[PDB]
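First listed ligand is number 1; within each ligand, the first listed atom is number 1. Each residue takes its place number in the sequence, starting with 1. Values reported hereafter were calculated over all heavy atoms of this structure, with side chains retained and with hydrogens, waters and symmetry mates removed.
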Amino acid sequence: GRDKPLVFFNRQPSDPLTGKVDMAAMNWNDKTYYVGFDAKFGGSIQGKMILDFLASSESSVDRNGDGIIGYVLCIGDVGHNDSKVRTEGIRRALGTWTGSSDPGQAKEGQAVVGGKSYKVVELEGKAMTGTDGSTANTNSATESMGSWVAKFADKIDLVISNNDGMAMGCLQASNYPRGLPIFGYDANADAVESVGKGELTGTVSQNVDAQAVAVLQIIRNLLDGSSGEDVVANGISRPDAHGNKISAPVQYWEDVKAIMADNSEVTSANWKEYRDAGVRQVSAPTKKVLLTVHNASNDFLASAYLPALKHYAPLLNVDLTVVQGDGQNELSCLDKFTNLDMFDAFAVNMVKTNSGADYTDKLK
Ligand SMILES: OC[C@H]1O[C@@H](O)[C@H](O)[C@@H](O)[C@@H]1O
Ligand SMILES: [Ca+2]
């Protein structure tokens with residue numbers, strides 16, 4: 001029970017307001033870990049991508065020619081540290097950062113367009129909450145983009161979004177101005193193709209494939225009887241006995257027990273570039289893993305993360321039982337987190353980042 005591996009992933013145990021890491025949950029046992037990505041670095045990368053685009057642009061990106069680069073921001077999960085730090089990244093990059101990641105918290109910024117200085121204004125930063133309470137709702141993004149165009153019109157010079165889902169949702173707007181620069185995050189399949197079409201201007205890969213392998217590989221190492229650095233290194237930062245290794249670069253953060261993949265920008269200049277050859281068939285005995293997903297209709301998890309898991313799982317001889325919640329209530333997941341005695345290891349993607357206790361309670 002409490003002696004088995006527990007790997008949190010994609011939603012780090014943490015306080016949804018202050019973002020401080022929940023080390024109580026992380027210190028569940030000596031076989032507990034988190035797998036994710038360097039979210040803060042990812043945030044600055046999204047910002048840098050936007051600054052580089054503006055820098056290479058002519059003064060035509062200033063549509064109304066008022067000398068101000070106006071933008072609208074799609075805020076996602078305000079209880080998710082990885083999401084908010086993207087709002088922080090782009091705001092810092094553009095000079096609109098005031099210390100808060102909340103909607104309506106922005107000052108006048110500054111950026112270079114065609115070797116000239118420009119004022120920057122966040123016309124509106126809004127949380128795209130669905131009428132059913134669902135966060136980062138894509139239909140709400142379409143709705144908001146429609147109103148924004150009607151309200152601000154020629155003032156909007158670009159669109160920014162915490163993820164691809166909402167960004168691709170903006171593009172659904174019937175009145176979306178042809179060619180309006182817009183940026184997302186995740187490098188979902190549809191988003192990358194959109195970059196190739198010259199619609200979506202750019203997005204960011206968080207190396208989801210590296211993350212998926214890392215979850216399985218850590219469990220693999222632990223069930224093979226590894227301890228210490230071997231657990232977080234073998235098949236991850238160095239080759240294991242089988243010879244397998246995650247190709248993308250990965251860091252281990254000891255203080256928070258986290259394996260973090262890095263990020264890379266995706267633009268018109270490199271979209272064609274976007275499975276791991278460094279992972280091939282394992283001979284180790286098969287093991288049973290119960291893996292949860294906080295929301296079955298989550299675009300990133302449904303379209304990118306889960307397929308990755310189901311691809312690499314048999315290669316590492318991990319028989320994966322997948323259960324999925326609704327994104328609203330932790331009970332939608334916790335209800336399916338049962339028969340824990342019939343499993344060798346566990347992977348948890350929580351609805352709320354502060355719900356660590358509820359999962360470790362069941363494992364007693
Ligand atoms: O937890 C779900 C979230 O994970 C993040 O890594 C993605 O950027 C979001 O698009 C997604 O909604
Ligand atoms: Ca303008």
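- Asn298 places a side-chain N or O within 3.5 Å of a backbone atom of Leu301 that can act as its donor or acceptor partner.
- Contacts of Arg86 with ligand 1, taken as heavy-atom pairs under 4.0 Å, involve the side chain alone.
- Counted by atom type alone, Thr32 and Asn29 present one or more donor-acceptor pairs between their side chains at under 3.5 Å.
- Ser226 places a side-chain N or O within 3.5 Å of a backbone atom of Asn221 that can act as its donor or acceptor partner.
- Residues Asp262 and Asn207 have side chains that bring a donor and an acceptor to within less than 3.5 angstrom of each other.
- By the 4.0 Å heavy-atom criterion, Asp186 is counted among the residues contacting ligand 1.
- Ring pair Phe8/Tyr33: centre-to-centre distance not below 6.0 Å.
- Using modelled atom types and a 3.5 Å distance limit, the side chains of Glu124 and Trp148 yield a donor-acceptor pair.
- A salt bridge links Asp230 with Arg238: at least one charged nitrogen is closer than 4.0 Å to a carboxylate oxygen.
- Distances between N or O atoms of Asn10 and those of ligand 1 include at least one value under 3.5 Å.
- For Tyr305, the closest heavy-atom approach to ligand 1 does not fall below 4.0 Å.
- If you number the atoms of ligand 1 from 1 as listed, the ones under 4.0 Å from a heavy atom of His294 come out as 1 (O), 2 (C).
- In this structure, the protein non-hydrogen atom closest to atom 6 (O) of ligand 1 is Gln206 NE2, 3.0 Å.
- Here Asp52 pairs with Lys48 in a salt bridge; the nearest charged N to carboxylate O distance falls below 4.0 Å.
- Of all the heavy atoms of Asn298, the ones lying under 4.0 Å from any atom of ligand 1 belong exclusively to the side chain.
- Listed by chain and residue number, the protein N/O/S atoms under 3.0 Å of the Ca ion (ligand 2) are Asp62 OD1, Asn64 OD1, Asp66 OD1, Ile68 O, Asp157 OD2, with waters left out.
- For the pair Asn162 and ligand 1, the shortest N or O to N or O distance does not fall below 3.5 Å.
- Short contacts between ligand 1 and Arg11, defined as distances under 4.0 Å to a heavy atom of the residue, involve ligand atoms 1 (O), 2 (C).
- Under the side chain to side chain donor-acceptor pair (under 3.5 Å) criterion, the residue pairs touching residues 168-187 are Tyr185-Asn263, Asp186-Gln206, with sequence neighbours excluded.
- For the pairing with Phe346, the ring-ring contact (aromatic ring centres under 6.0 Å, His included) check across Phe9, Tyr359, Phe337, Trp28 returns one residue only, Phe337.
- Within ligand 1, the atoms closer than 4.0 Å to a non-hydrogen atom of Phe37 are 6 (O), numbered from 1 in the order shown.
- Under 3.5 Å, the side chains of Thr353 and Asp15 contain no donor-acceptor pair of N or O atoms.
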